[PDB]
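Asker: The structure's right below; bear with me while I get my questions together.
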There are 2 protein chains.
Amino acid sequence: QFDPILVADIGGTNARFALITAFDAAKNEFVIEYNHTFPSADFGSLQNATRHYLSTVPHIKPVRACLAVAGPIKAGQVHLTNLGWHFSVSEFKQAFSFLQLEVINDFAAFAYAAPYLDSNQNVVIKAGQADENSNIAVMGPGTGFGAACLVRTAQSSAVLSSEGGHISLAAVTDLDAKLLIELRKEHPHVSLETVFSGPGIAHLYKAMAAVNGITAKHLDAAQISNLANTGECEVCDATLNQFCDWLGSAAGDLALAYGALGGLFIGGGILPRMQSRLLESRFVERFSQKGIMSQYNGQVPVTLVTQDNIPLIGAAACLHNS
Amino acid sequence: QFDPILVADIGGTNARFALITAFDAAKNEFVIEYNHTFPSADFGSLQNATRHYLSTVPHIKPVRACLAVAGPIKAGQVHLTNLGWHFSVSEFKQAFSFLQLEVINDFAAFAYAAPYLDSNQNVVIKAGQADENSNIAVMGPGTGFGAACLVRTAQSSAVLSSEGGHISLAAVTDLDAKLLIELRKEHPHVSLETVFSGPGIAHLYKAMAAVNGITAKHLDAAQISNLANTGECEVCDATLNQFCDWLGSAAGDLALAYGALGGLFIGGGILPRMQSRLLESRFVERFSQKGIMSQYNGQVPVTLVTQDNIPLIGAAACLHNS
């Protein structure tokens, strides 16, 4: 009989709670039940939010818990000053008499989750052959660019949390190069996140406009994607294709940096909205265009994550594999 | 009473064996004794080399062993076809009745070793504040460019082995940019290893010569370093300074990619021979020139490794921490 786990996805506008009630060895999937979302604004503390949630499912009183936090964890201390939630992992554990409590970052949760994803609920960007005994890379263009790695060796395993979104962005093509020169005019340091993010799409548009000899209007990502579709902004359509192309190069670099023969997953909320453009782009060609390591990246499967509960699956995987 | 460990550094022209006989909690150092080197060519198998070594120190019969291999480990199989040594980890363990045997890559050993280095036997490249609970990055420009990371979290730890030397090399300065254009003329894929390695120094020289409007002579790294010193090759001196400068940028990128708040170590045999030039270069300035993550890299201590037994210390740390 599986020992239930309380899992939570906190830090954003909405806090999400659920109960892990079983693990199916066949499907290699955690069974998640009683999935409840609520505005973080409804509570003055995480403790309160948690007490409320547990009161709605009192027949299952978990003594194991893991919270995935889209915020900073500095020495057993969590500060979501944004929400007004500040708590000690130690006291939170005490408050609910948890025998086991893990508090992890959201991308760390994405890395923990990687081996337990719904195969039939995701999109293969590039086939195909995963090495079960090697590392898995996870990345996600969103508000910023997050990158992490589930490190698996013949001695142990752990999750590499990083600031990999901030590494310098390299040029591969002549167009890349020209765009870096323009980008650097507004961004002394042009990193992955300078381009591969919600704000980055706007940055990339401004640069593309400049390269094409056009004064750029004040557009954000959604506006850029819309105007591209209606054919009212040629530079917008080219910007989004360049985004996909370049991303391929960056994803390939991270696959090498993280030795990701276990596979590379692309999450976040932006890329799943660009699925058709991504699959039509030069992403895959650029992904494995890596000199003597071309064959290596040729073997690495790249998957676009489409399921919605990654943080919860990760929290579950983290605590259960402790 | 410490349980002795047999440690070995194999794969190169010389095989090195030693015995770990104790661990000093105060110094935080493994005690290494009976350090013996011998030409790999003297034996037809690792088993033979090992039997010979153990016969010279028969009063200490270790049942724990860890081999650091500068070669490939594919599924409990080691193939140093170069030396004619091919063995099964399983059978090697059996052959010497080891209760515990770990076989790791050489850079993985460098990552394992990082926390146990001789503070007074290394050179601070950039101060200063290590976070004991964060990851440590290790890198080394040699024949190729190796990169690994000791991943340390509040849940576990592991060593990230990578192909990070093969990620695209980004330009930061105008000179960087011009050099990439030249480099790409001979190297379709310009990676870190294209520049930051023994062969890379020659590549960089050829490119620097071209940028400076000079026909480059056929020189290798040592020749480039020599001619620089005698002032017989101005472009050579500029090449080596550019190498150090650019390396700073690359090391900074890896520190971000690996979340290396625990520190970053630079090993290999090339950089320790360039200590004065390195410390006089723009390495440190470029290391932390990383936009919003500038403060982050400002905190990361960078150390030049000068001690000779890194692989042995790593093997020891790996097996002992199993």
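Chain labels follow the order of the structure tokens: the first chain is A, the next B, and so on; residue numbering restarts at 1 in every chain, and ligands are counted from 1 in their shown order.
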Select from chain A every residue with an atom at most 6 Å from any atom of chain B, then for each give the shortest pair of atoms and their distance in Å to one decimal, using only C-alpha atoms, rows by chain and rising number, as a tab-separated table.
Answerer:
```
residue	atom	partner	partner_atom	distance
A:151	CA	B:160	CA	5.9
A:156	CA	B:158	CA	5.5
A:157	CA	B:158	CA	5.2
A:158	CA	B:157	CA	5.2
A:160	CA	B:151	CA	5.9
A:162	CA	B:259	CA	4.1
A:163	CA	B:256	CA	4.8
A:164	CA	B:257	CA	3.8
A:167	CA	B:253	CA	4.7
A:170	CA	B:170	CA	3.9
A:189	CA	B:291	CA	5.1
A:253	CA	B:167	CA	4.7
A:256	CA	B:163	CA	4.8
A:257	CA	B:164	CA	3.8
A:258	CA	B:162	CA	5.4
A:259	CA	B:162	CA	4.1
A:290	CA	B:189	CA	5.9
A:291	CA	B:189	CA	5.1
```
Asker: Keeping C-alpha atoms, export the residues of the selection given above as a compact mmCIF listing (two decimals), in the first residue's frame.
Answerer:
```txt
# COMPACT_ATOMS: atom_id res chain seq x y z
CA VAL A 151 22.48 13.43 -13.38
CA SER A 156 24.54 7.85 -7.68
CA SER A 157 22.14 10.49 -9.00
CA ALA A 158 21.30 14.13 -8.29
CA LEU A 160 21.91 19.93 -11.22
CA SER A 162 21.86 26.04 -12.76
CA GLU A 163 21.87 29.55 -14.15
CA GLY A 164 22.48 28.17 -17.63
CA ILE A 167 25.59 31.83 -20.63
CA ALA A 170 26.94 31.94 -29.66
CA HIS A 189 25.46 40.72 -22.26
CA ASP A 253 24.90 22.96 -26.68
CA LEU A 256 26.60 18.47 -24.75
CA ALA A 257 27.26 20.49 -21.59
CA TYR A 258 25.02 18.14 -19.60
CA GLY A 259 26.06 14.89 -21.34
CA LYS A 290 28.31 20.00 -33.58
CA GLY A 291 31.54 18.95 -35.31
```
Asker: Where does DSSP see helix (DSSP H, G or I) in segment 164-294 of chain A, if you list the residues as an NGL selection string?
Answerer: :A and (164-166 or 174-183 or 192-195 or 198-211 or 221-229 or 234-257 or 271-280 or 283-287 or 291-294)
Asker: Could you pull the residues within 12 Å of residue 54 of chain A, counting only C-alpha atoms, minus those fewer than 2 positions along the same chain, as a short mmCIF file (atom, residue, chain, number, x, y, z; two decimals) with N, CA and C atoms, in the first residue's frame?
Answerer:
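Result file is around_9.cif:
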```cif
data_model
loop_
_atom_site.label_atom_id
_atom_site.label_comp_id
_atom_site.auth_asym_id
_atom_site.auth_seq_id
_atom_site.Cartn_x
_atom_site.Cartn_y
_atom_site.Cartn_z
N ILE A 5 1.67 10.94 -0.71
CA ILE A 5 2.52 12.13 -0.66
C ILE A 5 1.69 13.37 -0.99
N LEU A 6 1.85 14.42 -0.19
CA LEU A 6 1.31 15.74 -0.54
C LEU A 6 2.31 16.43 -1.46
N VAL A 7 1.86 16.83 -2.64
CA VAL A 7 2.72 17.58 -3.56
C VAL A 7 2.11 18.94 -3.87
N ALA A 8 2.96 19.95 -3.99
CA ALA A 8 2.48 21.30 -4.25
C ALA A 8 3.34 22.03 -5.26
N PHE A 17 -2.18 22.00 -5.40
CA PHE A 17 -1.93 20.89 -4.48
C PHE A 17 -2.50 19.60 -5.07
N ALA A 18 -1.91 18.46 -4.70
CA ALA A 18 -2.44 17.17 -5.12
C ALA A 18 -1.93 16.10 -4.18
N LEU A 19 -2.47 14.89 -4.31
CA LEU A 19 -2.03 13.75 -3.50
C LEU A 19 -1.52 12.62 -4.39
N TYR A 34 -6.98 14.25 -6.47
CA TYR A 34 -7.39 15.43 -5.72
C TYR A 34 -6.54 16.64 -6.08
N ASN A 35 -6.45 16.91 -7.38
CA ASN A 35 -5.69 18.05 -7.89
C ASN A 35 -6.50 19.33 -7.73
N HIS A 36 -6.02 20.24 -6.89
CA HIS A 36 -6.75 21.48 -6.59
C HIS A 36 -5.90 22.69 -6.80
N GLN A 47 1.19 27.76 5.04
CA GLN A 47 0.62 26.94 6.10
C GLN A 47 -0.91 26.97 6.04
N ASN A 48 -1.47 28.16 5.91
CA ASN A 48 -2.93 28.31 5.77
C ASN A 48 -3.48 27.62 4.53
N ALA A 49 -2.85 27.88 3.39
CA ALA A 49 -3.28 27.28 2.14
C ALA A 49 -3.28 25.77 2.29
N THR A 50 -2.27 25.25 2.98
CA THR A 50 -2.09 23.82 3.12
C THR A 50 -3.14 23.23 4.05
N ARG A 51 -3.39 23.92 5.16
CA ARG A 51 -4.43 23.48 6.08
C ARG A 51 -5.78 23.43 5.37
N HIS A 52 -6.06 24.44 4.54
CA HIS A 52 -7.33 24.46 3.81
C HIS A 52 -7.43 23.30 2.86
N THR A 56 -10.06 19.48 2.74
CA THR A 56 -10.97 19.04 1.67
C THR A 56 -10.78 17.57 1.31
N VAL A 57 -9.69 16.98 1.80
CA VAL A 57 -9.38 15.57 1.56
C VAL A 57 -8.85 14.94 2.84
N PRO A 58 -9.64 15.00 3.92
CA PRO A 58 -9.16 14.64 5.26
C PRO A 58 -9.03 13.14 5.45
N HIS A 59 -9.61 12.37 4.54
CA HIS A 59 -9.57 10.91 4.61
C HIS A 59 -8.22 10.37 4.23
N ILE A 60 -7.40 11.23 3.63
CA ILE A 60 -6.03 10.87 3.30
C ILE A 60 -5.08 11.88 3.96
N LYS A 61 -4.49 11.47 5.07
CA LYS A 61 -3.61 12.35 5.83
C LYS A 61 -2.15 11.98 5.60
N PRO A 62 -1.51 12.62 4.62
CA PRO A 62 -0.14 12.31 4.23
C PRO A 62 0.90 12.73 5.28
N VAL A 63 1.91 11.90 5.49
CA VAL A 63 3.03 12.27 6.36
C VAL A 63 4.30 12.47 5.54
N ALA A 65 5.69 14.88 2.21
CA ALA A 65 5.35 16.04 1.38
C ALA A 65 6.55 16.61 0.64
N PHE A 96 2.93 20.32 10.34
CA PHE A 96 2.03 19.28 9.84
C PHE A 96 2.50 17.87 10.19
#
```
Asker: From the set B:97, B:13, B:90, B:119, which residue has the shortest atom-to-atom contact distance to residue 303 of chain B, counting only C-alpha atoms?
Answerer: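 When distances to residue 303 of chain B are compared using only C-alpha atoms, the smallest one comes from B:119.
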Asker: Mind pulling up the distance from atom CA of residue 179 of chain A to atom CA of residue 204 of chain B?
Answerer: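 Computing the Euclidean distance for atom CA of residue 204 of chain B and atom CA of residue 179 of chain A yields 24.3 Å.
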Asker: Could you list, as an mmCIF file with N, CA and C atoms, in the first residue's frame, every residue within 12 Å of segment 224-234 of chain A, counting only C-alpha atoms and ignoring same-chain residues fewer than 6 positions away?
Answerer:
```
data_model
loop_
_atom_site.group_PDB
_atom_site.id
_atom_site.type_symbol
_atom_site.label_atom_id
_atom_site.label_comp_id
_atom_site.auth_asym_id
_atom_site.auth_seq_id
_atom_site.Cartn_x
_atom_site.Cartn_y
_atom_site.Cartn_z
ATOM 1 N N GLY A 198 10.029 34.930 -23.178
ATOM 2 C CA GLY A 198 8.943 35.819 -23.580
ATOM 3 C C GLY A 198 9.454 37.202 -23.944
ATOM 4 N N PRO A 199 10.219 37.822 -23.036
ATOM 5 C CA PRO A 199 10.831 39.114 -23.336
ATOM 6 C C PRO A 199 11.847 38.999 -24.468
ATOM 7 N N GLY A 200 12.527 37.856 -24.546
ATOM 8 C CA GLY A 200 13.531 37.611 -25.581
ATOM 9 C C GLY A 200 12.975 37.637 -26.994
ATOM 10 N N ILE A 201 11.745 37.168 -27.161
ATOM 11 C CA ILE A 201 11.129 37.185 -28.479
ATOM 12 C C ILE A 201 10.968 38.618 -28.980
ATOM 13 N N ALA A 202 10.621 39.523 -28.073
ATOM 14 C CA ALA A 202 10.560 40.948 -28.392
ATOM 15 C C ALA A 202 11.951 41.486 -28.718
ATOM 16 N N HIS A 203 12.944 41.095 -27.926
ATOM 17 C CA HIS A 203 14.314 41.518 -28.207
ATOM 18 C C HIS A 203 14.724 41.072 -29.576
ATOM 19 N N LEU A 204 14.417 39.820 -29.900
ATOM 20 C CA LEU A 204 14.831 39.235 -31.167
ATOM 21 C C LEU A 204 14.140 39.949 -32.328
ATOM 22 N N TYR A 205 12.874 40.302 -32.129
ATOM 23 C CA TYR A 205 12.123 41.039 -33.140
ATOM 24 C C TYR A 205 12.777 42.393 -33.440
ATOM 25 N N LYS A 206 13.094 43.151 -32.393
ATOM 26 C CA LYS A 206 13.745 44.455 -32.552
ATOM 27 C C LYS A 206 15.048 44.327 -33.344
ATOM 28 N N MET A 208 15.896 41.703 -35.428
ATOM 29 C CA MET A 208 15.557 41.270 -36.782
ATOM 30 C C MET A 208 15.099 42.453 -37.632
ATOM 31 N N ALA A 209 14.278 43.319 -37.046
ATOM 32 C CA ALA A 209 13.812 44.513 -37.743
ATOM 33 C C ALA A 209 14.997 45.366 -38.184
ATOM 34 N N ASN A 212 16.920 43.835 -41.021
ATOM 35 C CA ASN A 212 16.172 43.915 -42.275
ATOM 36 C C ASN A 212 15.916 45.344 -42.753
ATOM 37 N N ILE A 214 14.345 47.888 -41.113
ATOM 38 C CA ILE A 214 13.000 48.351 -40.792
ATOM 39 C C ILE A 214 12.935 48.845 -39.350
ATOM 40 N N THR A 215 12.255 49.967 -39.130
ATOM 41 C CA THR A 215 12.033 50.451 -37.769
ATOM 42 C C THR A 215 10.997 49.573 -37.075
ATOM 43 N N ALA A 216 11.391 49.002 -35.944
ATOM 44 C CA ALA A 216 10.542 48.059 -35.234
ATOM 45 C C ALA A 216 9.490 48.775 -34.401
ATOM 46 N N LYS A 217 8.260 48.280 -34.474
ATOM 47 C CA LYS A 217 7.190 48.782 -33.627
ATOM 48 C C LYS A 217 7.282 48.121 -32.253
ATOM 49 N N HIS A 218 6.577 48.686 -31.280
ATOM 50 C CA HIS A 218 6.607 48.166 -29.917
ATOM 51 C C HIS A 218 5.703 46.976 -29.768
ATOM 52 N N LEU A 240 10.190 34.556 -35.490
ATOM 53 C CA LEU A 240 9.791 33.330 -34.831
ATOM 54 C C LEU A 240 10.469 32.094 -35.421
ATOM 55 N N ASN A 241 10.746 32.113 -36.724
ATOM 56 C CA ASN A 241 11.487 31.011 -37.335
ATOM 57 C C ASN A 241 12.937 31.001 -36.858
ATOM 58 N N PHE A 243 13.972 32.211 -34.044
ATOM 59 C CA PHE A 243 13.898 31.785 -32.646
ATOM 60 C C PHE A 243 13.998 30.265 -32.578
ATOM 61 N N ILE A 270 5.880 28.573 -23.601
ATOM 62 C CA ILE A 270 6.017 29.204 -24.905
ATOM 63 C C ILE A 270 6.117 28.211 -26.063
ATOM 64 N N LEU A 271 7.030 27.251 -25.967
ATOM 65 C CA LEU A 271 7.244 26.329 -27.080
ATOM 66 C C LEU A 271 6.060 25.429 -27.420
ATOM 67 N N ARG A 273 3.144 26.305 -27.586
ATOM 68 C CA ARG A 273 2.268 27.132 -28.418
ATOM 69 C C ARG A 273 2.838 27.377 -29.814
ATOM 70 N N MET A 274 4.022 26.834 -30.087
ATOM 71 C CA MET A 274 4.692 27.052 -31.366
ATOM 72 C C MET A 274 5.050 25.723 -32.035
ATOM 73 N N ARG A 277 5.415 25.440 -36.027
ATOM 74 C CA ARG A 277 6.542 26.233 -36.493
ATOM 75 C C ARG A 277 7.862 25.572 -36.087
#
```
Asker: State, in Å with one decimal place, the distance from atom CA of residue 87 of chain B to atom CA of residue 262 of chain A.
Answerer: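 Rounded to one decimal, the two atoms are 25.0 Å apart.
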Asker: From a DSSP pass on the backbone, collect the residues of segment 78-262 of chain A flagged as strand (DSSP E or B) and hand them back as a VMD selection string.
Answerer: chain A and resid 78 to 80 85 to 88 100 to 105 123 to 126 136 to 141 145 to 152 157 to 161 168 191
Asker: Any chance you could export the current selection's C-alpha atoms as a PDB file, in the first residue's frame?
Answerer:
```
ATOM      1  CA  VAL A  78      11.786  29.987   1.476  1.00  0.00           C
ATOM      2  CA  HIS A  79      10.966  33.612   0.663  1.00  0.00           C
ATOM      3  CA  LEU A  80       8.154  34.315  -1.747  1.00  0.00           C
ATOM      4  CA  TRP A  85       4.839  33.769   2.086  1.00  0.00           C
ATOM      5  CA  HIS A  86       7.958  33.282   4.158  1.00  0.00           C
ATOM      6  CA  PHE A  87       8.564  30.001   5.893  1.00  0.00           C
ATOM      7  CA  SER A  88      11.160  27.697   7.413  1.00  0.00           C
ATOM      8  CA  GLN A 100       9.600  13.656   5.446  1.00  0.00           C
ATOM      9  CA  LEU A 101       9.578  17.053   3.711  1.00  0.00           C
ATOM     10  CA  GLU A 102      11.485  18.136   0.597  1.00  0.00           C
ATOM     11  CA  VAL A 103      11.354  21.640  -0.846  1.00  0.00           C
ATOM     12  CA  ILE A 104      12.718  22.023  -4.352  1.00  0.00           C
ATOM     13  CA  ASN A 105      12.948  24.585  -7.130  1.00  0.00           C
ATOM     14  CA  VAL A 123       5.723  15.554 -28.793  1.00  0.00           C
ATOM     15  CA  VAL A 124       8.902  14.108 -30.283  1.00  0.00           C
ATOM     16  CA  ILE A 125      10.924  16.952 -31.745  1.00  0.00           C
ATOM     17  CA  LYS A 126      13.833  14.714 -32.729  1.00  0.00           C
ATOM     18  CA  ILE A 136      18.732  13.954 -18.872  1.00  0.00           C
ATOM     19  CA  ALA A 137      18.700  17.672 -19.691  1.00  0.00           C
ATOM     20  CA  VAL A 138      15.644  19.860 -19.139  1.00  0.00           C
ATOM     21  CA  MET A 139      15.147  23.420 -20.426  1.00  0.00           C
ATOM     22  CA  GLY A 140      12.264  25.847 -20.722  1.00  0.00           C
ATOM     23  CA  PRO A 141      11.901  29.219 -22.423  1.00  0.00           C
ATOM     24  CA  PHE A 145      15.252  30.582 -19.473  1.00  0.00           C
ATOM     25  CA  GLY A 146      15.565  27.687 -17.013  1.00  0.00           C
ATOM     26  CA  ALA A 147      17.937  24.745 -17.394  1.00  0.00           C
ATOM     27  CA  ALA A 148      18.593  21.735 -15.175  1.00  0.00           C
ATOM     28  CA  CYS A 149      19.911  18.190 -15.446  1.00  0.00           C
ATOM     29  CA  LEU A 150      19.007  14.881 -13.851  1.00  0.00           C
ATOM     30  CA  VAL A 151      22.483  13.428 -13.375  1.00  0.00           C
ATOM     31  CA  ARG A 152      22.530   9.612 -13.418  1.00  0.00           C
ATOM     32  CA  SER A 157      22.136  10.489  -9.005  1.00  0.00           C
ATOM     33  CA  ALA A 158      21.298  14.128  -8.295  1.00  0.00           C
ATOM     34  CA  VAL A 159      19.680  17.174  -9.863  1.00  0.00           C
ATOM     35  CA  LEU A 160      21.912  19.930 -11.219  1.00  0.00           C
ATOM     36  CA  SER A 161      20.261  23.301 -10.681  1.00  0.00           C
ATOM     37  CA  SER A 168      26.640  33.874 -23.648  1.00  0.00           C
ATOM     38  CA  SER A 191      22.694  35.400 -23.110  1.00  0.00           C
TER      39      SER A 191
END
```
Asker: In terms of the shortest atom-to-atom distance over only C-alpha atoms, which of B:89, B:278, B:113, B:70 is closest to residue 320 of chain B?
Answerer: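 Closest residue, counting only C-alpha atoms: B:113.
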